[PDB]
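Note sheet for the following structure.
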Protein chains: 4
Amino acid sequence: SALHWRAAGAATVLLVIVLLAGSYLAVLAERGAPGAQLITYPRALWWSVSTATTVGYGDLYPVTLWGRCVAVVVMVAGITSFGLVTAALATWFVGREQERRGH
Amino acid sequence: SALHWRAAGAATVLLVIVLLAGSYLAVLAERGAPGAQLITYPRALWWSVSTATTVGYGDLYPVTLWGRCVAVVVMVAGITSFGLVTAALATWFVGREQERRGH
Amino acid sequence: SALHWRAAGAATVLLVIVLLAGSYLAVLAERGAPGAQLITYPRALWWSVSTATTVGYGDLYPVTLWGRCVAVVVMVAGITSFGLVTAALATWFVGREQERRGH
Amino acid sequence: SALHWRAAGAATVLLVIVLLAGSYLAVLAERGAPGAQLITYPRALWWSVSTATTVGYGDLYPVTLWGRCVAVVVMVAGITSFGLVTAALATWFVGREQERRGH
Ligand SMILES: CCCCCCCCCCCCCC(=O)O[C@@H](CO)COC(=O)CCCCCCCC
Ligand SMILES: CCCCCCCCCCCCCC(=O)O[C@@H](CO)COC(=O)CCCCCCCC
Ligand SMILES: CCCCCCCCCCCCCC(=O)O[C@@H](CO)COC(=O)CCCCCCCC
Ligand SMILES: CCCCCCCCCCCCCC(=O)O[C@@H](CO)COC(=O)CCCCCCCC
Ligand SMILES: [K+]
Ligand SMILES: [K+]
Ligand SMILES: [K+]
Ligand SMILES: [K+]
Ligand SMILES: [K+]
Ligand SMILES: [K+]
């Protein structure tokens, strides 16, 4: 099992862990802030995933410092995780082309 | 026809299929939810494509569990599909540079 | 001048052309649609760039079929253009590591 | 220390500098525009980071020419910086696969 595939797998599991951890921590950070909407777990998970994919509909978002810090972590984990999948695909293609070239 | 170009082509066709399937399933999942707006097919397709590209204007979004699950599938298919195109471009450039180096 | 750098340069010029063309065509497609906001050129250019980078604040967006089609073109051009820059960076790094390995 | 890792490190520091500089300049550009909301530094930094990651919730955005120009710089720096991290990961994977192939 090549490194890039293992890394891709691990990245996926870690992202899921971050999305989960982020939804809990977001609710923890946001309750107590008048007007906050990221305060129940199910929609917080929806918020986490739509932030990690960087879609950001804006239907939900953090208003506190720690909620936003949590958000940045979720964003970075999502961007780098998917970026890593891209990197693994590149490695796969590069390898196949070398073979196709007799190497 | 190198693998990366075939993969890029296939990824494109699959994405189109997902955007189509996602618009139908989104409407199916969202009707029945008071207040939902992702309920007619044309705008649902607009929603699907703007989600797959991860643009997310927020003019439309799912409010139900299954609509959101459908959304996650659309997001992932879009991100990985475009990511794959990037990976194919990298393979193309890597190959040309090797040649430019006499290999 | 290696291919990837030339491609990166060309991609940048083309993107600028698309952003420009997209702002004109968006206004052309949207005027005539009651309620449309993407109807003056300066903000249309702001809309084009924030769509191409896939940021999508949602302060502006197309409501017509052709405005949305124009949007999809802008999105794709932005994603693939930046993706190509990424691919060129990968080629640059791959080349330097080979050298660092005595190849 | 291979180039790609140094580049990745430098890209990260530069991005942080841009996010910081962007929040100051955004407030500078936006105050004086009736209705503008990107006018206090803490939320401006939140705006900068959520723009650089291209998340774009839409809770905050620039309304002036220079605020939007600043925004474009932030967007580009974010996209290219994360793109570079992706490129570095690809180089790392490519290198490990070559070794795994006895090269
Ligand atoms: C540490 C933080 C952990 C957070 C864990 C969240 C646990 C929530 C229970 C799970 C589902 C509840 C369903 C429900 O009745 O809610 C629906 C109401 O319409 C839709 O809600 C939602 O928006 C849920 C969508 C979740 C999408 C997840 C995509 C993951 C790739
Ligand atoms: C399985 C799910 C399938 C969903 C299929 C959708 C079929 C809809 C018929 C198609 C067009 C109708 C036009 C119309 O009169 O609508 C216009 C009204 O202003 C604009 O609407 C729209 O927003 C359509 C924009 C579609 C963009 C698609 C981009 C694809 C890359
Ligand atoms: C084919 C379509 C072509 C469209 C061309 C657009 C021409 C507009 C003239 C240019 C500037 C006008 C300034 C003004 O007085 O407007 C300011 C008002 O606050 C800010 O406006 C704006 O939002 C302009 C922001 C533009 C950002 C462009 C970023 C490019 C990478
Ligand atoms: C040149 C421009 C420089 C701009 C520098 C900004 C300096 C602000 C001081 C820092 C924190 C203040 C906290 C506070 O009391 O504010 C909180 C109020 O709820 C949350 O605010 C916020 O939204 C801050 C979130 C910042 C996230 C940064 C993520 C970086 C990767
Ligand atoms: K995005
Ligand atoms: K976005
Ligand atoms: K958005
Ligand atoms: K938005
Ligand atoms: K919005
Ligand atoms: K809104």
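Residue numbers start at 1 in each chain; chains themselves are named A, B, ... in the order of the structure tokens; ligands are numbered from 1 in the order shown.
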
Interface, chain C side, toward chain B (6 Å; only C-alpha atoms) as a ChimeraX atom specification: /C:4,54-58,83,87,91

Which polymer residues have any atom within 9 Å of an atom of residue C:68, counting only C-alpha atoms, with same-chain residues fewer than 6 positions away left out, as an MDAnalysis selection string? (chainID B and resid 46) or (chainID C and resid 26 29 61:62)

Pick out the closest residue to ligand 9 from this set: A:60, A:71, A:20, A:65. Count only C-alpha atoms and all ligand atoms. A:60

Applying 12 Å and only C-alpha atoms, which residues near residue D:31 remain after dropping the ones on its own chain fewer than 5 positions away? List them as a JSON list (two decimals) with C-alpha atoms, in the first residue's frame.
[["chain", "number", "residue", "atom", "x", "y", "z"],
["D", 24, "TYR", "CA", -5.92, 46.83, 8.53],
["D", 25, "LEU", "CA", -6.21, 47.96, 4.95],
["D", 26, "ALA", "CA", -9.80, 46.71, 4.67],
["D", 36, "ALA", "CA", -19.99, 49.39, 5.32],
["D", 37, "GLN", "CA", -19.57, 46.66, 7.98],
["D", 38, "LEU", "CA", -15.88, 45.69, 7.53],
["D", 39, "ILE", "CA", -14.76, 48.50, 9.83],
["D", 40, "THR", "CA", -13.37, 47.12, 13.10],
["D", 41, "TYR", "CA", -10.15, 45.09, 13.19],
["D", 44, "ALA", "CA", -11.89, 42.27, 9.68],
["D", 62, "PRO", "CA", -16.16, 45.03, 1.30],
["D", 63, "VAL", "CA", -18.30, 47.59, -0.48],
["D", 64, "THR", "CA", -15.59, 49.97, -1.73],
["D", 66, "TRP", "CA", -10.03, 49.52, -2.51],
["D", 67, "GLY", "CA", -11.65, 47.20, 0.00]]

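Distance annotation: of A:70, A:17, A:52, A:77, the residue with the minimal separation from ligand 5 is A:52; atom set is only C-alpha atoms and all ligand atoms.
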
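Counting from atom 3 (C, counted along the ligand's line) of ligand 4, the distance to atom CA of residue D:19 is 7.1 Å.
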
Step one, run DSSP on the backbone; step two, keep only residues of chain C assigned to alpha helix (DSSP H); then write them as a short mmCIF file (atom, residue, chain, number, x, y, z; two decimals) with N, CA, C and O atoms, in the first residue's frame.
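Result file out-v4.cif:
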data_model
loop_
_atom_site.label_atom_id
_atom_site.label_comp_id
_atom_site.auth_asym_id
_atom_site.auth_seq_id
_atom_site.Cartn_x
_atom_site.Cartn_y
_atom_site.Cartn_z
N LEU C 3 7.28 24.93 -20.09
CA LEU C 3 5.86 24.93 -20.41
C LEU C 3 4.96 25.38 -19.25
O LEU C 3 4.12 26.26 -19.42
N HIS C 4 5.15 24.79 -18.08
CA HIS C 4 4.30 25.14 -16.95
C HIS C 4 4.27 26.61 -16.58
O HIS C 4 3.23 27.12 -16.15
N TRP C 5 5.37 27.32 -16.77
CA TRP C 5 5.38 28.75 -16.45
C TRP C 5 4.63 29.53 -17.52
O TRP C 5 3.93 30.50 -17.21
N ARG C 6 4.79 29.11 -18.77
CA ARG C 6 4.11 29.77 -19.88
C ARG C 6 2.62 29.51 -19.74
O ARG C 6 1.80 30.41 -19.93
N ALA C 7 2.27 28.28 -19.39
CA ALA C 7 0.87 27.92 -19.20
C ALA C 7 0.28 28.75 -18.06
O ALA C 7 -0.83 29.26 -18.17
N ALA C 8 1.03 28.89 -16.98
CA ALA C 8 0.58 29.66 -15.82
C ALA C 8 0.34 31.11 -16.23
O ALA C 8 -0.64 31.72 -15.81
N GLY C 9 1.24 31.65 -17.04
CA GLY C 9 1.10 33.02 -17.49
C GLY C 9 -0.13 33.18 -18.35
O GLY C 9 -0.93 34.09 -18.15
N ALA C 10 -0.28 32.28 -19.32
CA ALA C 10 -1.40 32.30 -20.24
C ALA C 10 -2.73 32.11 -19.51
O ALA C 10 -3.73 32.74 -19.86
N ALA C 11 -2.73 31.24 -18.51
CA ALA C 11 -3.94 30.98 -17.74
C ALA C 11 -4.38 32.26 -17.04
O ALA C 11 -5.57 32.58 -17.01
N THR C 12 -3.42 33.00 -16.51
CA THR C 12 -3.71 34.25 -15.82
C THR C 12 -4.34 35.29 -16.75
O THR C 12 -5.33 35.94 -16.40
N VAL C 13 -3.78 35.43 -17.95
CA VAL C 13 -4.31 36.38 -18.91
C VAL C 13 -5.70 35.97 -19.35
O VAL C 13 -6.60 36.81 -19.49
N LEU C 14 -5.89 34.67 -19.58
CA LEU C 14 -7.19 34.18 -20.00
C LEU C 14 -8.23 34.40 -18.90
O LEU C 14 -9.36 34.80 -19.18
N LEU C 15 -7.85 34.15 -17.65
CA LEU C 15 -8.79 34.34 -16.56
C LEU C 15 -9.24 35.80 -16.52
O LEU C 15 -10.43 36.08 -16.39
N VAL C 16 -8.29 36.72 -16.65
CA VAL C 16 -8.62 38.14 -16.64
C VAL C 16 -9.61 38.45 -17.75
O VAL C 16 -10.54 39.23 -17.57
N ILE C 17 -9.41 37.83 -18.91
CA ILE C 17 -10.29 38.03 -20.05
C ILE C 17 -11.69 37.51 -19.74
O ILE C 17 -12.69 38.14 -20.09
N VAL C 18 -11.75 36.36 -19.08
CA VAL C 18 -13.03 35.75 -18.71
C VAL C 18 -13.76 36.60 -17.67
O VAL C 18 -14.98 36.75 -17.75
N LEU C 19 -13.02 37.13 -16.71
CA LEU C 19 -13.61 37.98 -15.67
C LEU C 19 -14.18 39.21 -16.36
O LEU C 19 -15.29 39.65 -16.05
N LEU C 20 -13.41 39.77 -17.28
CA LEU C 20 -13.90 40.93 -17.97
C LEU C 20 -15.13 40.46 -18.76
O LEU C 20 -16.24 40.82 -18.41
N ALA C 21 -14.96 39.60 -19.77
CA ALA C 21 -16.12 39.15 -20.52
C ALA C 21 -17.31 38.74 -19.62
O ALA C 21 -18.43 39.08 -19.93
N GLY C 22 -17.06 38.05 -18.51
CA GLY C 22 -18.18 37.65 -17.66
C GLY C 22 -18.98 38.79 -17.04
O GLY C 22 -20.20 38.70 -16.84
N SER C 23 -18.31 39.88 -16.70
CA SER C 23 -19.03 41.00 -16.09
C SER C 23 -19.99 41.66 -17.10
O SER C 23 -21.11 42.02 -16.76
N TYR C 24 -19.55 41.79 -18.35
CA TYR C 24 -20.37 42.38 -19.42
C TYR C 24 -21.55 41.51 -19.74
O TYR C 24 -22.68 41.99 -19.84
N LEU C 25 -21.28 40.22 -19.91
CA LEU C 25 -22.33 39.28 -20.27
C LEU C 25 -23.31 39.07 -19.13
O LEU C 25 -24.49 38.85 -19.37
N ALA C 26 -22.83 39.16 -17.89
CA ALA C 26 -23.72 38.99 -16.74
C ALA C 26 -24.72 40.14 -16.72
O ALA C 26 -25.93 39.94 -16.57
N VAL C 27 -24.23 41.36 -16.88
CA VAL C 27 -25.13 42.52 -16.90
C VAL C 27 -26.10 42.39 -18.07
O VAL C 27 -27.28 42.69 -17.95
N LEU C 28 -25.60 41.93 -19.21
CA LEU C 28 -26.43 41.76 -20.40
C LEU C 28 -27.54 40.74 -20.14
O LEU C 28 -28.70 40.96 -20.50
N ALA C 29 -27.18 39.64 -19.50
CA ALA C 29 -28.15 38.59 -19.20
C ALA C 29 -29.14 38.94 -18.09
O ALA C 29 -30.31 38.58 -18.16
N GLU C 30 -28.67 39.68 -17.08
CA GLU C 30 -29.52 40.01 -15.93
C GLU C 30 -30.49 41.19 -16.03
O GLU C 30 -31.55 41.17 -15.41
N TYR C 41 -21.78 47.35 -14.34
CA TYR C 41 -20.47 46.74 -14.57
C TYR C 41 -19.45 46.67 -13.44
O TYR C 41 -18.80 45.65 -13.27
N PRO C 42 -19.27 47.75 -12.67
CA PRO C 42 -18.27 47.64 -11.60
C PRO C 42 -18.54 46.52 -10.59
O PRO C 42 -17.65 45.73 -10.29
N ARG C 43 -19.76 46.43 -10.08
CA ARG C 43 -20.04 45.38 -9.11
C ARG C 43 -20.10 44.02 -9.80
O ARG C 43 -19.86 43.00 -9.17
N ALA C 44 -20.37 44.02 -11.10
CA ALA C 44 -20.41 42.76 -11.83
C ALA C 44 -18.99 42.20 -11.89
O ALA C 44 -18.79 41.00 -11.85
N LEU C 45 -18.00 43.09 -11.99
CA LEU C 45 -16.62 42.63 -12.05
C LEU C 45 -16.24 42.10 -10.67
O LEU C 45 -15.48 41.14 -10.55
N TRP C 46 -16.74 42.75 -9.63
CA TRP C 46 -16.48 42.30 -8.26
C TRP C 46 -17.10 40.91 -8.11
O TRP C 46 -16.51 40.02 -7.53
N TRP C 47 -18.30 40.74 -8.67
CA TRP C 47 -19.00 39.46 -8.60
C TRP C 47 -18.19 38.39 -9.35
O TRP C 47 -18.00 37.29 -8.85
N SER C 48 -17.73 38.74 -10.55
CA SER C 48 -16.96 37.80 -11.35
C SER C 48 -15.70 37.29 -10.64
O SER C 48 -15.44 36.08 -10.62
N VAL C 49 -14.93 38.21 -10.08
CA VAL C 49 -13.71 37.79 -9.40
C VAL C 49 -14.00 36.98 -8.14
O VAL C 49 -13.32 35.98 -7.90
N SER C 50 -15.01 37.38 -7.36
CA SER C 50 -15.32 36.62 -6.15
C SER C 50 -15.99 35.27 -6.44
O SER C 50 -16.16 34.44 -5.55
N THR C 51 -16.35 35.05 -7.70
CA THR C 51 -16.95 33.79 -8.11
C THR C 51 -15.83 32.92 -8.64
O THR C 51 -15.74 31.73 -8.33
N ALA C 52 -14.94 33.52 -9.43
CA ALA C 52 -13.82 32.79 -10.00
C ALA C 52 -12.90 32.23 -8.92
O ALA C 52 -12.30 31.18 -9.10
N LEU C 65 -31.17 32.35 -16.39
CA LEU C 65 -30.51 31.18 -16.96
C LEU C 65 -29.14 31.53 -17.55
O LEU C 65 -28.13 30.91 -17.22
N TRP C 66 -29.11 32.53 -18.43
CA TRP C 66 -27.84 32.90 -19.05
C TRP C 66 -26.86 33.54 -18.09
O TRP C 66 -25.65 33.43 -18.28
N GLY C 67 -27.36 34.21 -17.06
CA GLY C 67 -26.47 34.82 -16.09
C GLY C 67 -25.79 33.69 -15.33
O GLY C 67 -24.61 33.75 -15.02
N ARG C 68 -26.55 32.64 -15.04
CA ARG C 68 -26.03 31.50 -14.31
C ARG C 68 -25.09 30.68 -15.18
O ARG C 68 -24.11 30.11 -14.68
N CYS C 69 -25.37 30.61 -16.48
CA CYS C 69 -24.50 29.88 -17.39
C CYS C 69 -23.17 30.63 -17.43
O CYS C 69 -22.10 30.03 -17.39
N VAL C 70 -23.25 31.95 -17.52
CA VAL C 70 -22.05 32.77 -17.54
C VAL C 70 -21.29 32.49 -16.24
O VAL C 70 -20.07 32.32 -16.24
N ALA C 71 -22.02 32.43 -15.13
CA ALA C 71 -21.41 32.16 -13.83
C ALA C 71 -20.63 30.85 -13.83
O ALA C 71 -19.50 30.79 -13.33
N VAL C 72 -21.23 29.79 -14.38
CA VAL C 72 -20.55 28.49 -14.42
C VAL C 72 -19.23 28.58 -15.19
O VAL C 72 -18.23 27.97 -14.79
N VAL C 73 -19.22 29.34 -16.28
CA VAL C 73 -18.01 29.50 -17.08
C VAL C 73 -16.94 30.21 -16.25
O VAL C 73 -15.78 29.81 -16.25
N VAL C 74 -17.35 31.26 -15.54
CA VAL C 74 -16.44 32.02 -14.69
C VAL C 74 -15.87 31.10 -13.60
O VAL C 74 -14.67 31.10 -13.36
N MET C 75 -16.74 30.33 -12.95
CA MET C 75 -16.31 29.40 -11.91
C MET C 75 -15.27 28.42 -12.44
O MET C 75 -14.18 28.26 -11.86
N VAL C 76 -15.60 27.74 -13.53
CA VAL C 76 -14.69 26.76 -14.11
C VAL C 76 -13.35 27.37 -14.51
O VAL C 76 -12.30 26.78 -14.26
N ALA C 77 -13.38 28.54 -15.14
CA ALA C 77 -12.14 29.19 -15.56
C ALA C 77 -11.27 29.52 -14.34
O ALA C 77 -10.05 29.37 -14.38
N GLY C 78 -11.91 29.98 -13.27
CA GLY C 78 -11.16 30.32 -12.07
C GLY C 78 -10.55 29.08 -11.43
O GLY C 78 -9.36 29.03 -11.17
N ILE C 79 -11.38 28.07 -11.19
CA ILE C 79 -10.90 26.84 -10.57
C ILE C 79 -9.76 26.19 -11.36
O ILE C 79 -8.71 25.86 -10.80
N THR C 80 -9.94 26.02 -12.67
CA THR C 80 -8.91 25.39 -13.48
C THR C 80 -7.65 26.24 -13.61
O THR C 80 -6.54 25.71 -13.62
N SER C 81 -7.81 27.56 -13.69
CA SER C 81 -6.66 28.46 -13.79
C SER C 81 -5.79 28.38 -12.54
O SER C 81 -4.58 28.20 -12.64
N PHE C 82 -6.40 28.52 -11.37
CA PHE C 82 -5.62 28.43 -10.14
C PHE C 82 -5.10 27.02 -9.97
O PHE C 82 -4.00 26.81 -9.47
N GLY C 83 -5.88 26.04 -10.42
CA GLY C 83 -5.44 24.66 -10.31
C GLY C 83 -4.18 24.47 -11.13
O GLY C 83 -3.25 23.75 -10.73
N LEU C 84 -4.13 25.13 -12.28
CA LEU C 84 -2.97 25.03 -13.16
C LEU C 84 -1.73 25.65 -12.52
O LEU C 84 -0.62 25.16 -12.71
N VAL C 85 -1.92 26.72 -11.75
CA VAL C 85 -0.80 27.35 -11.08
C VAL C 85 -0.25 26.34 -10.08
O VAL C 85 0.96 26.18 -9.94
N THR C 86 -1.16 25.64 -9.40
CA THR C 86 -0.76 24.63 -8.44
C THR C 86 0.04 23.54 -9.12
O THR C 86 1.07 23.08 -8.61
N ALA C 87 -0.43 23.12 -10.29
CA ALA C 87 0.23 22.07 -11.06
C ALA C 87 1.63 22.50 -11.47
O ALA C 87 2.55 21.68 -11.49
N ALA C 88 1.78 23.78 -11.80
CA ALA C 88 3.07 24.30 -12.21
C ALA C 88 4.03 24.34 -11.02
O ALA C 88 5.23 24.10 -11.17
N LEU C 89 3.51 24.67 -9.84
CA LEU C 89 4.34 24.71 -8.64
C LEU C 89 4.83 23.29 -8.34
O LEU C 89 5.99 23.09 -7.99
N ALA C 90 3.95 22.31 -8.51
CA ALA C 90 4.31 20.92 -8.27
C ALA C 90 5.45 20.50 -9.21
O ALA C 90 6.41 19.85 -8.80
N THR C 91 5.33 20.89 -10.47
CA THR C 91 6.36 20.55 -11.45
C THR C 91 7.70 21.18 -11.05
O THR C 91 8.75 20.54 -11.13
N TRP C 92 7.65 22.43 -10.61
CA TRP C 92 8.85 23.14 -10.17
C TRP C 92 9.51 22.41 -9.00
O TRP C 92 10.72 22.15 -9.02
N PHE C 93 8.72 22.05 -7.98
CA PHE C 93 9.23 21.34 -6.81
C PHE C 93 9.77 19.96 -7.15
O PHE C 93 10.80 19.53 -6.62
N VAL C 94 9.05 19.25 -8.02
CA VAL C 94 9.46 17.92 -8.43
C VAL C 94 10.82 18.00 -9.11
O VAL C 94 11.70 17.18 -8.87
N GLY C 95 10.98 19.01 -9.97
CA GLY C 95 12.23 19.19 -10.68
C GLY C 95 13.40 19.49 -9.75
O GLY C 95 14.49 18.94 -9.92
N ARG C 96 13.18 20.36 -8.77
CA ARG C 96 14.23 20.72 -7.83
C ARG C 96 14.63 19.55 -6.95
O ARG C 96 15.80 19.41 -6.58
N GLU C 97 13.66 18.71 -6.58
CA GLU C 97 13.98 17.58 -5.73
C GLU C 97 14.81 16.56 -6.51
O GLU C 97 15.71 15.94 -5.96
N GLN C 98 14.50 16.39 -7.79
CA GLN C 98 15.26 15.46 -8.61
C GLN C 98 16.72 15.91 -8.64
O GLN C 98 17.64 15.10 -8.47
N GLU C 99 16.93 17.21 -8.85
CA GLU C 99 18.27 17.78 -8.89
C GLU C 99 18.97 17.55 -7.56
O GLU C 99 20.12 17.14 -7.51
N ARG C 100 18.25 17.83 -6.48
CA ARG C 100 18.77 17.66 -5.13
C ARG C 100 19.16 16.19 -4.93
O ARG C 100 19.96 15.86 -4.05
#

In Å and to one decimal, atom CA of residue A:103 is distant from atom CA of residue B:103 by 10.7 Å

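In this model, the gap between atom 24 (C, counted along the ligand's line) of ligand 2 and atom CA of residue C:34 comes to 16.5 Å.
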